[PDB]
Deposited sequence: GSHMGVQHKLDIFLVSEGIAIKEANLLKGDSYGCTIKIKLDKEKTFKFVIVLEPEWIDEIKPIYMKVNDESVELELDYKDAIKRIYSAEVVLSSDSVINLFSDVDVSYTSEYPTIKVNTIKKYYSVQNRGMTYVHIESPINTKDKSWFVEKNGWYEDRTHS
């Protein structure tokens, strides 16, 4: 009746590493984010797709991205009544910290998941699940790749 609170749904995909970060959403609370720590010995482009299915309230907090504490613009690829899909590509050349946040309150951010991706050795882990039941799959499942195969038609 009242104990449910705000339950946002968040999934974060490293499409360029074939890593899905499934259900990084706080189990309860009007906030979303994730700290991804990257072990990297050479130059590579990382492509991020973030899928937000916000709780049915009518004031959705925007999501932001920092890379090594530098703000990076998220493209909004898709928005409807259900979900927002954002994307970014960035180049990194050494051990990096990706921060997705909606908030700066330590009382929110300390509850976001902390994820480790090791490109060198092809290792990942949940260092800290925060206040989430986050989990990971590699490769990404085709039935999660939601962003047509029947021949063309003459539109004048």
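Going by the record, the unmodelled stretches of the deposited sequence, in order, are 148 to 150, 160 to 161.
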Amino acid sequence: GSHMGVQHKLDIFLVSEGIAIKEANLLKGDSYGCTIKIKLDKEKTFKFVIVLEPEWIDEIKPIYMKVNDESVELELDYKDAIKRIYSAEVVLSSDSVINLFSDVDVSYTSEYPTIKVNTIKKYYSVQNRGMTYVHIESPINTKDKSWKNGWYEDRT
From here on, numbers count along this sequence of modelled residues.
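Here the stretch with the larger average CA B-factor, out of 34 to 42 and 47 to 55, is 34 to 42. If you average the C-alpha B-factors over 83 to 91 and over 121 to 129, the higher value belongs to 121 to 129. When the CA B factors of the chain's modelled residues are split into thirds, the value for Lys9 lands in the lowest one. In the deposited entry, the Cα temperature factor of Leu26 sits in the bottom third of values across the chain's modelled residues.
In the PDB entry, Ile60 places in the lowest third of its chain by CA B-factor. Among all modelled residues in this chain, the alpha-carbon of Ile98 has a temperature factor (C-alpha) in the lowest third.
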